[PDB]
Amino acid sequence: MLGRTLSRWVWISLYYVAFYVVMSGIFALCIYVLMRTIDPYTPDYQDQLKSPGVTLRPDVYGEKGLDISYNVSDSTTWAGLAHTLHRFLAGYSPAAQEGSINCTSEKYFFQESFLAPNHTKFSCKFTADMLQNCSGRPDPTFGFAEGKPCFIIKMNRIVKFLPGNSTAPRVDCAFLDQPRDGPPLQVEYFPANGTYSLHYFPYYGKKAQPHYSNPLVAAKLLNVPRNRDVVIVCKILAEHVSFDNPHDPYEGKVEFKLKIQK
């Protein structure tokens, strides 16, 4: 008898598992009730999503941040960059975009009923060719070979978030530290003016827009000096987008180290 008799060893066990079943049962029911208060289309609260994050492809990380470095002379130092850039643009082929439709409105695309197939809302196409020179055609190297590389700037999507309708939200890239000897960062954006069209908003969530695709803007850096370390900051200029958070450097902004070796 290992601390009590073996008949009492059993009636204790039964109680504890019964207790544990009831409690488990009670908990399971709480989660079920919870999943009925929950709307499958719109989150109850978006406390941590007041402003959208920003990200950039190709995303290569060094220590404590985004760090990108290649050699124009050795095409194999940028092979992977172009490759993940190409591989990323795959979901933006015209074929991958068959689920979403043309948007010409250049205004917010409000859908309150589900007219798209299988009881969904429509989403707007965005095809790789909208990035033009930085689409992989006719330059499959995305501007890396010529030392004027394209970086793709994507905005995190948030259900029902409206960025501001006085104009389209734009991207702007400049040097973090503008070199005293240097000129400003000279950049050409695709589409023109680095804008995301208004139609792509609001996002209605993965269940309402399963084929939704984030619009993109490519930043073709024309200025950047060879064999030097620089830092580029790309900010989203929109009425409802902020980029001042010191505890989230990816809020409304994205920064990266760059060095183009020769």
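Quick note: we count residues from 1 along the sequence shown, nothing fancier. Rigid core here is just the name for the largest C-alpha set that superposes within 1.5 Å across the two forms.
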Top-deviation stretch by C-alpha RMS in 4 other deposited structures of this protein (rigid core reference), from 248-256, 6-14, is 6-14
Stretch farther from the shown model on average in 4 other deposited structures of this protein, with CA RMS computed after core superposition (83-91, 176-184) = 176-184
Going by the entry, of stretches 5-13 and 18-26 the one with greater average Cα B-factor is 5-13
Check the entry's C-alpha temperature factors for 182-190 and 155-163, then say which stretch has the higher mean.
-> 182-190
What's the residue among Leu222, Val233, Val217, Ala208 with the greatest CA temperature factor in the PDB record?
-> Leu222
Chain-relative CA temperature factor third for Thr195 | middle
Third of the chain, ranked by Cα B-factor, where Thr76 sits = highest
Just say lowest, middle or highest third for the CA B-factor of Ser69 relative to the other modelled residues in its chain.
-> lowest
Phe114, C-alpha B-factor rank within chain (lowest, middle or highest third) | highest
Just say lowest, middle or highest third for the CA B-factor of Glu63 relative to the other modelled residues in its chain.
-> highest
